Structure formats: C-alpha cells, structure tokens
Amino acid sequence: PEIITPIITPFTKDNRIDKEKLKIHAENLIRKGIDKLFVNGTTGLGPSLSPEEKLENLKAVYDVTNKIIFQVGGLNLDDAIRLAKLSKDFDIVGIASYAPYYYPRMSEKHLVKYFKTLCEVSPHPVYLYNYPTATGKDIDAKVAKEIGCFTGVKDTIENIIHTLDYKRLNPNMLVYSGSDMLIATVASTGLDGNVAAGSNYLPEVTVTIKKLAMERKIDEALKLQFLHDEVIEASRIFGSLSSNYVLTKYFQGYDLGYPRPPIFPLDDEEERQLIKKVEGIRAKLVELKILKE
C-alpha cells in the first residue's frame, strides 16, 4: 500500500500561489518516501483555486516529480474538462475529482453523467475523490461500479465498511482511505493505502506506520499510529486546514506561507497553544529516532 500526500498550497501575503515554497515542500515529501502527491485536494484548498491556479499547482509540483494525481473538479464542467484535457502533456499517475459540491440532492443520473464526462475526455486514469461531508453527497461502491471508469478512489469518510465495499464491488480498483488515523488498519486489512493530510508535516511517521504494519508488527504500528492520532487531534483544535501550515513549519522546518482566506492563519496565541499540545509528541518521536530533531 502507499502513502499519498494531499499537498498543501502555500500562498503569499498577496494571496497568490507561492511556487517556490511548493517545490521545496514537494521535494522534501518525495525525499522522505511519500509515494505520490494529490494536488488540488481539500488540504491544498482546491475548491478555493481557480482553474488557472489548479494548473499552476500541477506545473510547479511537476517540476519536482511526475508522481501526481491532479484534482480538477468544480462546478463548471467546461473548466474541469479543459483541465482534464490539458493534463495530456504531463506524464502523471492520474486525474481526480470530487463530486460537484454545494448543491444538495443532485440526482444519481446527473452525478454519474458528470464523472463519465470526465472519464471520456481524460488522457489519464481517473480517480474518484469521495468526500460526502464536504460535497454533500456520497458516491458509494455501487455508484462507482455504475460509473465504471474509475482507476481508484480516495474515500474520506468515517466508515471503513464503506471503504472496503469499493474493493468488494470493484476488485481491480485501487482503494485508499482519506484518514491519517487508519494507516495501520488499512495496511493490515488489504487496502491500497492512505491519502493522509498529516503526511504533509509528519511524512516520516506515516511512512513508518505503514512499514511496521506491512511487517506485521501490529502492536508497534498501533503505538506509533496512536501518537500520530494525537497530532491529528491537536491540529483540529484551531482548524486543521490552517494548523497544517503551522505543523509543517514546526516539524519540517520550512514554512508554507499563508492559507487563502476564509481559511485564516492561526494567530500567535493559537500557534503557541498548538505547539504546547505537540512538543511532547515531538520529543517522543526524536527519542524513537523517527524525527532527527
């Protein structure tokens, strides 16, 4: 199974993508063993990016690696098709899309038509990004089977039965969990890996969890998974999407600029409180030799 990072998008204080900070982060993740990078995902604020900015993300990360799944979805199908077509010139792993968001109670037929349209124009394997809480609707294993053209799915949902059903109904699909908390379990249970937001700031931890689980060191894998869970939980206190920038600086040492408002940066008081929640974990990880310092 693989660890895939939904890469954060660094923005400048002028609210533009900071390409040079993006490349440093991408080079580091690849160096520390991350298999592939998911670009324009939730963690990268994809829904806050214009199509031009989605493409800009791909270009900059493509300077570092071709190990990329390129998220192109949105509420203007013509723009999503254009991005899909444009990816022809990049030797990447796949494109992806979440379901059309915001609008409640979209028919099954319309949702299927949306995805099959992307498949029809896609010059690469197409990944489903299933995230019901964010998008307001579910594209479960049976609907995915009906769409019929997915190479893989990232299933972000608090229900592993739901995730296993993709494998059960679609044996040749790649099936990933969107949870950092499930890296040990997913590697234990025959699933294909994790697109793990926490691998932005602790790629070492997520890779080592997966390694230990593969080795069938399940108790050791769980011990480390449970320390990583505490960092995930600390990140959620002030808002994980914002906290991810702070934790990446803290653990990896380079910064990633600002998020894009209304995803606001943590203020000084919030940062201090976040660091006090994780510095002990950071000590344990250095002790364990997972982190250098």
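Numbering starts at 1 and runs along the sequence shown.
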Quick check on the record: does 53-61 or 225-233 carry the larger mean Cα temperature factor?
53-61
96-104 versus 215-223 - greater average Cα B-factor per the deposited record
215-223
Tell me which of 123, 73, 132, 190 tops the list for C-alpha B factor in the record.
123
From 48, 252, 242, 40, residue of greatest CA B-factor:
252
Going by the entry, which third of its chain does the Cα temperature factor of residue 165 land in?
lowest
Tertile call for residue 175 (CA temperature factor, within chain, third-based) is the lowest
Compared with the other modelled residues in the chain, in which third is the CA B-factor of residue 194?
lowest
Among the modelled residues of its chain, does the C-alpha B-factor of residue 33 lie in the lowest, middle or highest third?
highest
Third of the chain's Cα B-factor distribution that residue 206 belongs to, per the entry:
middle
